[PDB]
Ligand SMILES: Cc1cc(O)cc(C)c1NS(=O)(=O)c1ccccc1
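Heads up, the chain below is alone and in the form deposited without this ligand; it's given as structure tokens.
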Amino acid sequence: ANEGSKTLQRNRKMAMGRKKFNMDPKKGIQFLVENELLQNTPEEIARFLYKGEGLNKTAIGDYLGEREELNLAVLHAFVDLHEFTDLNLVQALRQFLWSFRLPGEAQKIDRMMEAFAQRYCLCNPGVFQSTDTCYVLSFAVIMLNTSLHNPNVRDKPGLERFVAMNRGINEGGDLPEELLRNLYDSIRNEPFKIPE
């Protein structure tokens, strides 16, 4: 009756909500929330982003990286959706970066990678003694990926160099070379793939 008719309109409005989001994230979410298609909670918005169905990955990245209190709360709920226990850093990063595309702005990326590092360290408490180590190492992996796989960059970091640039970041000590090698191999053999 009404329910069937209601479900139809809801589904189409949902689709519209998705198109609106892809144009302007905050507007999409507001349309969805106001039409009771989505609860306006950090957890439920994050789940929506995590599922990602019909969502432009650049848009998701844009939303998650905003300064606003809710966007920050969504970002933390979003990374909390990820279970990184016993994944190595590259595997964890790979999964995290599949669900969005990084925003251009430095401040936005910062908040996103900081949320990632906190979650990874929480999921793997023995591994790092600080989120700083995780953060910096995550960007070393991202740079190595880019360094390796961008034509413009003309001398590839070899394993020896990679190990070298990361000295001292493990609370004044180094990372186990074996860890650095695993990361290096992981990235060389399966490079990060831009999200589709």
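Whichever C-alpha set is largest while still superposing within 1.5 Å between the two forms counts as the rigid core. Residues that one form lacks are left out of the comparison. Position 1 is the first residue in the sequence shown; the rest follow in order.
The form deposited with this ligand bound is left out here; the points below concern that form.
**Prompt:** Overlaying the pocket C-alphas and bringing this ligand over as found in the deposited bound form, would you call this site open, or blocked by 3+ ligand atoms sitting within 2.4 Å of backbone or C-beta?
**Reply:** Blocked: the placed ligand clashes with backbone or C-beta atoms.
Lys19, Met23 and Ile60 each touching this ligand in the deposited bound form (heavy atom, 4.5 Å)
Judged in the deposited bound form, none of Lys19, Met23 and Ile60 sits within 4.5 Å of this ligand.
Q: State the residue from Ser130, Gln30, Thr146, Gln39 whose non-hydrogen atoms include one within 4.5 Å of this ligand in the deposited bound form.
A: Of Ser130, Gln30, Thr146, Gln39, the residue with a heavy atom within 4.5 Å of this ligand in the deposited bound form is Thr146.
So which of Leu81, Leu122, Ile109, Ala73 reaches within 4.5 angstroms of this ligand in the deposited bound form, heavy atom to heavy atom?
Here the answer is residue option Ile109.
Practice problem: Decide whether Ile194 counts as a contact residue for this ligand in the deposited bound form under a heavy atom distance cut-off of 4.5 Å. | Solution: Result yes; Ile194 sits at the interface with this ligand in the deposited bound form.
Whether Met113 contacts this ligand in the deposited bound form should be assessed with a 4.5 Å heavy atom distance threshold; does it? Yes, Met113 sits close enough to this ligand in the deposited bound form that at least one of its heavy atoms falls within 4.5 Å.
Since only the chain is shown here, I'm wondering whether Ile169 would be in contact with this ligand in the deposited bound form (any heavy atom pair within 4.5 Å).
No, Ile169 is distant from the partner.
Q. Are any of the heavy atoms in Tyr50 no more than 4.5 Å from a heavy atom of this ligand in the deposited bound form?
A. So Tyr50 does not count as contacting this ligand.
Check: Going through 119-158 from first to last, which residues have a non-hydrogen atom within 4.5 Å of this ligand in the deposited bound form?
Finding: Those in contact are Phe139, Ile142, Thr146.
TODO: Three or more consecutive residues, each Cα shifted by 2 Å or more between this form and the one not shown after core superposition: list those runs for me in sequence order.
DONE: When the rigid core is held fixed, residues 102-104 make up the only run that shifts.
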